[PDB]
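Q:
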Amino acid sequence: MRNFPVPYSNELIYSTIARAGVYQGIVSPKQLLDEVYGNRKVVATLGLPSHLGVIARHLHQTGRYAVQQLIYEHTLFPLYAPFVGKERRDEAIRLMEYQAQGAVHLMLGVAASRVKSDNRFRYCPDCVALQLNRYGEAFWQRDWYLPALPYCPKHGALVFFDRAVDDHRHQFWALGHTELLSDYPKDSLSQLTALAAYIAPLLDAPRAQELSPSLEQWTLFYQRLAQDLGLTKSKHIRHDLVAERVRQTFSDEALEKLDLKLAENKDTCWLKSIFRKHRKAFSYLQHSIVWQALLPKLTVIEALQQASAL
Amino acid sequence: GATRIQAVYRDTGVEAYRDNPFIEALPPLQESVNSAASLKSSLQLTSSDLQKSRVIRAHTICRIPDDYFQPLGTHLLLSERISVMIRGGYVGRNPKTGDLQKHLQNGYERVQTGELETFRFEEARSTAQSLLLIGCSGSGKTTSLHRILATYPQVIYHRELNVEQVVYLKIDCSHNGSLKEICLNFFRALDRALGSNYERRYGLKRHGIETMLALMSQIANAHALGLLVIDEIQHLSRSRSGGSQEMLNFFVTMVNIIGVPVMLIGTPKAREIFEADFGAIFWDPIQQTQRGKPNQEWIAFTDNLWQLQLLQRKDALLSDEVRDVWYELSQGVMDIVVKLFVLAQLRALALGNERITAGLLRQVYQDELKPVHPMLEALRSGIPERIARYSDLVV
Amino acid sequence: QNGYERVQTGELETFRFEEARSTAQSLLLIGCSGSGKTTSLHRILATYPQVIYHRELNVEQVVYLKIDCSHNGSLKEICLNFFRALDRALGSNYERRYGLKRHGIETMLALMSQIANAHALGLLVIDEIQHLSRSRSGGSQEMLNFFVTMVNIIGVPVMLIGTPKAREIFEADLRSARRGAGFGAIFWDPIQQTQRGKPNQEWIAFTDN
Amino acid sequence: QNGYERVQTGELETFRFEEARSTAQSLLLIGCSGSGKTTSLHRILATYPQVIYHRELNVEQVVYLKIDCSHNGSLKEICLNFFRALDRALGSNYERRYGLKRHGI
DNA sequence: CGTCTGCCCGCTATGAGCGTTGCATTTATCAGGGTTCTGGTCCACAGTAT
DNA sequence: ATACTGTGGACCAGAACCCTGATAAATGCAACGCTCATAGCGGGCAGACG
Ligand SMILES: Nc1ncnc2c1ncn2[C@@H]1O[C@H](COP(=O)(O)OP(=O)(O)OP(O)(O)=S)[C@@H](O)[C@H]1O
Ligand SMILES: Nc1ncnc2c1ncn2[C@@H]1O[C@H](COP(=O)(O)OP(=O)(O)OP(O)(O)=S)[C@@H](O)[C@H]1O
Ligand SMILES: Nc1ncnc2c1ncn2[C@@H]1O[C@H](COP(=O)(O)OP(=O)(O)O)[C@@H](O)[C@H]1O
Ligand SMILES: [Mg+2]
Ligand SMILES: [Mg+2]
Ligand SMILES: [Mg+2]
Ligand SMILES: [Zn+2]
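Chains as they are written, first to last, in the deposited numbering: chain X, 1 to 310; chain G, 2 to 278, 288 to 405; chain F, 106 to 314; chain C, 106 to 210.
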């Protein structure tokens, strides 16, 4: 292949490969797969792609784009990079440079939740006006495809349309504005919009590249925070004051939508598992909620730096 | 195929050429004072070559036709027109400010719905212009075009983008006016000027003709093709049933809709195709007298040619009689003027009389130029009825 | 690259990049039958080796090649005679690969322009050019164009040999007459007993030996 | 005539004459193994003469026909057992006409 | 004006290009097993009541 | 001070995706037939010398 497009600012590599067949008139997905990759066994994935390296070979002459920049700038890897830990981050980085697709998901065990959900093609109708008036092109953006938030950190809700990524495995699809215009207002929650705005600057932060704590650092950080905060039992939780603060900060409907409904009655709760000794990595949502409810005036990067340094 | 050149951007002084990389990576425009001297060529003739053996002095003479070029008045005008219509076809295809990307999105509809008038955007305009060249056979249409287009780098590579700009391309028609074998000629030239393989990708998967015509205009925009030249357009007369009009319209759509400039070269016989339905340039052989005084072009041409002799007993200077017989036999057609000189010298070497006279010119013309006699006789007669068949002069 | 950089800076006014090769040379040999047009060529070309192998490179320079026209006047069989003759000059096979029935004349004419540059041919002589006229495959204008486009592609010089009835084939237009007499035209005649006012010496020399 | 366009179109609800009507019914039979659901049917249907040839017309009326479902559950084999059983009771050759050609269901 | 000289003319054989066909290959479907993964479960220990 | 409530922690078994094998169904390519232009011979029929 002779003319592989450079990725736009804040774009997933899926959109770049999709445009690399619109720019040259390739219609059948098998021909595009045989040209770009050389195999017909590859699977299209939005977020955390594999088979990288052949993409870096096409962009070789433009010296800037290498495998590290593609991994850390045009994927969803920085959301999972710090929370997993130093042990598996390097293995996942090594694995994404070769032909192991599902092994990367297995190594990033937080993403290894077996079957996923909400694979419909999302978009934000307000950002597309800026995309068309600035570039002349429309493309998938990393803000839209957060793992569990169907919200835009600057405008609000996302307009879904019912086409699934897994509907056609080998097809790369590119957004078209004539098909796109199906905007209708929906219900909006300001608390989740604020959460999305809080969680957005993590993506474009260089600190997440080289800084990641471990499990015992996490539990020491949590126990020191609880002891200094003062709403604790004898080396244990009050189980009421922290939950009351969480309910004050966020409504029950928001947690029900986020699939993290609080369960006071049962002994097995995600918050309780967070407090107790860590045994497995947790998602970004739980850490973000804990940080926001317990540290109401500190940014994400500085909070992670405080958790990791000590 | 061709060596790629890393682009360095210049500062054009024209307001319209503000920040278009495709026309700042091009070599600068030249004035007419040096444009008539950038094309001149000649053969060396070291002064020690007159004393060499007869076989070496015979193999040296034969390279005169391939290395002697003299710029004329019309070459400057053709060069200026080509330069303007190359640099003016890029202003509507700016790659930075989202203007080339509006053209590549429209082209996917055309290859997808199989129609060349399908549009998604409406503010994507194109400015191409067009040209057409007509002249008699042997007048020098192709050798004075390969020389003009030899100052441009063809393939250029940009590092800020990831685009390989192909400045110009050249193909020619099929021996019949076929439809499927012009698209394949375009693909063959394109992947012989780059090293890729598009003939296996397109055109070998059993596509219909409209799909091929749609794919031909998209890969010509992926690489910003500045100029397209189709040689020997007179082959179009032998087309299939009604196929002559189809490509004549297609070469109009690309200039008007897609935006790629198109140039056509042919003989006077190809005027009938356009008459039934583009700017026109007409080329004619040199006339000895047009103002009532001897033409300066003919004097300059003969005077510069006469200084390329390896004969030992060469004449001091060209006399009037030799010039008159040289024009009488050749009548001004470019190919005969040089070939007659080459053959006269080649015979003067072997015959033993290392001189050039009028009688030797007449004898060589009578012996070695038999098949070309009737056309030159018709030209010498100057009767429109005789020229109505062949001799390639436009009435 | 240095020339381009200097012409963009402004030091050097002019620069000339790569150019294209000129049209191949061509010759026409016309003479009556029985004059010795095949024997002369086969004795002249016998002093040249056919296939020379170069060690520094990896090319087998085929110095010359000889084919002949087809009795049909067909244009697609003089594209297969090329492959058939070149498979005998060398030990390779090309009529099996490039001689399919899917390819047209316009595609075979471009496939034979690549194996004529992989092996750097020096000549291509076509014998018995008389057999072109009155062909049911196409008209006269569909072969007078095939010759022009074949001269303008291959790059190797071509030589054409035929009887004096082949003059009318190539004397139909200036475009083909100019190319036929590309490097002169040779017309052959039988020996004359009396030259000017004295008996010929060539006749006596030929008869005595 | 209604059935020709169903072949051409491929949709089995089209019609050309509205006056054409169907007057057929349906039956279902279920019983445990060993009850005699096959031999009793054979004995009942042995009264009728199957193929009857008409002289004023040129048709050959087929009173009844019996096939069985394929073990594999295939959809292309139930449509081939029909042709096999039809040309076994007529002596014709319809499987080569219809089954051999590349046809969708 | 009719048979021979031109004329007509239906017919016949040939070749290059385009449209169609049968076989082998790829692709898809389904059952079985399995092997680690993780998700909830019970046991022993620290701190509190008589 | 010592016996009971709560809790931290170590932990097995249901289970989900991957690998293997056998059979059925959807394409792609090499081969074959249809169609159109071009050239010509010989016989049968409109106007000739007799
Ligand atoms: N200005 C010139 N000075 C010297 N030789 C010239 C000049 N113009 C043309 N020639 C000669 O013309 C010949 C090249 O002829 P062409 O350019 O191919 O003619 P043409 O126009 O291609 O004819 P065709 O067959 O119709 S394409 C060479 O012998 C050149 O030397
Ligand atoms: N009324 C009857 N008198 C005598 N024999 C009978 C009678 N009914 C059934 N049979 C016998 O029972 C058998 C008939 O059963 P089958 O012909 O095998 O069909 P079936 O009972 O439906 O079993 P299937 O088809 O496998 S479910 C034969 O052996 C008959 O001889
Ligand atoms: N210059 C010659 N000297 C001796 N014999 C000659 C000469 N030219 C021709 N011949 C004889 O003429 C014969 C026929 O020549 P040939 O190769 O058939 O020429 P063409 O093919 O042009 O007729 C050859 O057998 C050859 O012996
Ligand atoms: Mg030319
Ligand atoms: Mg011979
Ligand atoms: Mg039964
Ligand atoms: Zn938005």
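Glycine included, C-beta positions come from ideal geometry on N, C-alpha and C.
1. Check whether the Cβ of residue 270(G) sits closer than 7 Å to any heavy atom of ligand 4, and report yes or no.
2. Which partner residues does residue 172(F) have in the DSSP bridge list?
3. Considering only heavy atoms of ligand 2, does any lie closer than 7 Å to the CB of residue 142(C)?
4. How big is the Cα-Cα spacing for residue 284(F) and residue 131(F)?
5. Check the Cβ-Cβ distances between residue 6(X) and every residue of chain G, and say whether any is below 8 Å.
6. Identify the continuous alpha helix (DSSP H) that holds residue 264(F) and give its terminal residues.
7. Measuring from the CB of residue 145(C), is there a heavy atom of ligand 2 at a distance below 7 Å?
8. Note down, in chain order, every chain G residue with its Cβ under 8 Å from the Cβ of residue 3(X).
9. Distance, Cα to Cα, residue 262(X) vs residue 151(X)?
10. Does ligand 7 have a heavy atom nearer than 7 Å to the CB of residue 177(X)?
11. Do you know offhand how far residue 18(G)'s Cα is from residue 289(G)'s?
12. What do you get for residue 170(C), buried or exposed, if any count of 16 or more other CB atoms within 10 angstroms of its CB means buried?
13. Check whether chain G comes within 8 Å of residue 280(F), counting only Cβ atoms and requiring the distance to be less than that.
14. Return the chain-ordered list of same chain residues with a C-beta closer than 7 Å to the C-beta of residue 200(G), the five sequence neighbours on each side being excluded.
15. Quick one: what's residue 293(F) bridged to in DSSP?
16. Is there at least one non-hydrogen atom of ligand 7 closer than 7 Å to the beta-carbon of residue 186(X)?
17. Would the segment 173-183 of chain X and the segment 132-141 of chain X be scored as touching if the rule is three or more Cβ pairs under 8 Å?
18. Could you give the uninterrupted runs of the beta strand (DSSP E) lying entirely in the segment 176-218 of chain G, keeping only those of 3 residues or more?
19. Are the C-beta atoms of residue 121(G) and some chain X residue less than 8 Å apart?
20. Looking only at DSSP bridge pairs, what is residue 167(F) linked to?
21. The beta strand (DSSP E) with residue 164(X) in it runs from where to where?
22. Report the partner residues of residue 151(X) according to the DSSP bridge assignment.
23. For residue 86(X), is the beta carbon positioned less than 7 Å from some heavy atom of ligand 7?
24. Residues of chain X with CB closer than 7 Å to the CB of residue 113(G), please, in chain order.
25. Below 8 Å on C-beta distance, what does residue 152(G) contact in chain F?
26. Assuming residue 109(X) is part of the alpha helix (DSSP H), what are its boundary residues?
27. State yes or no: is the C-beta of residue 187(X) within less than 8 Å of the C-beta of residue 155(X)?
28. For residue 209(G), go through chain X and note every residue whose CB falls closer than 8 Å to its CB, in chain order.
29. Could you give the first and the last residue of the continuous alpha helix (DSSP H) run that contains residue 16(X)?
30. At 7 Å on the CB atoms, spell out the chain G contacts of residue 143(F), in chain order.
31. Can you name, in chain order, every residue of its own chain whose Cβ lies under 8 Å from the Cβ of residue 225(G), other than the five neighbours on each side?
32. Give me, in chain order, the residues of the same chain whose beta-carbon lies closer than 6 Å to that of residue 9(G); leave out the 5 immediate sequence neighbours on both sides.
33. If you draw a straight line from the C-alpha of residue 122(X) to the C-alpha of residue 114(G), how long is it?
34. Give a yes or no on whether 8 Å exceeds the smallest Cβ distance from residue 250(F) to chain G.
35. Quick one, what's near ligand 7 if you take every residue whose CB is closer than 7 Å to any heavy atom, in chain order?
36. Considering only C-alpha positions, which residue in the set 183(G), 223(G), 85(G) and 196(G) is nearest to residue 204(G)?
A: Well, looking at it:
1. no
2. 231(F)
3. yes
4. 7 Å
5. yes
6. First-last for residue 264(F): 263-267, but that is the beta strand (DSSP E), not the alpha helix (DSSP H).
7. yes
8. 163, 164, 165, 223 and 224
9. 21 Å
10. no
11. 24 Å
12. exposed
13. yes
14. 185, 188, 189 and 192
15. 136(F)
16. no
17. yes
18. none
19. yes
20. 156(F)
21. 161-164
22. 157(X)
23. no
24. 27
25. 119, 120, 121 and 122
26. No alpha helix (DSSP H) contains residue 109(X), which DSSP labels as neither H nor E.
27. no
28. By Cβ distance, chain X contributes nothing, its closest Cβ being about 13 Å from residue 209(G), past 8 Å.
29. 13-19
30. Result: empty, since nearest Cβ-Cβ is about 22 Å, beyond 7 Å.
31. 23, 91, 94, 96, 101, 164, 166 and 167
32. none
33. 26 Å
34. yes
35. 124(X), 126(X), 127(X), 143(X), 152(X), 154(X) and 155(X)
36. 183(G)
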